[PDB]
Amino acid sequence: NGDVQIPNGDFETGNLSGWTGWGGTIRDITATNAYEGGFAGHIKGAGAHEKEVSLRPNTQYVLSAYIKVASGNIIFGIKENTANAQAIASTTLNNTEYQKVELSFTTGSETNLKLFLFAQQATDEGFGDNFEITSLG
């Protein structure tokens, strides 16, 4: 039903397999601060957790994930997987308990996108589990 498969978007394998990213004073999985199952993602410092997704062109999709912010602000969004990365959508979170975040977005002709969970500073730290992308129509 339009639901796109995101390998280990639940972090339920226990490791960061199927995920990428850069930097971070903490870029690791977490068991104590999961939203569902045994694990979730953990980011802190200057870095981000990122994932490559392959979607159909010119389609409306919903990007959703559960996210808890420990300090500062966490940038949840998706962008094109190219240089001069065109950020399709994003949101700036500071909610301290786990909440569902949903971003409506539309793909252009680029099919190769990259979601991210981004902490710009060390004062920024949070977690995200249950990453999902579904096609609306």
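Residues carry their position along the shown sequence, with the first being 1.
Stretch comparison (50-58 versus 80-88) by mean CA B-factor in the PDB entry places 80-88 on top.
Checked against the record, the higher mean CA B factor of 117-125 and 6-14 lies with 117-125. In this PDB entry, the Cα temperature factor of residue 106 sits in the middle third of its chain's modelled residues. Split the chain's modelled residues into thirds by C-alpha temperature factor. Residue 130 is in the lowest one.
Residue 34: CA B factor in the middle third of modelled residues in this chain (values from the PDB entry). In the deposited entry, the Cα temperature factor of residue 63 places it in the lowest third of its chain's modelled residues. Sort the modelled residues of the chain by CA B factor and residue 40 lands in the lowest third.
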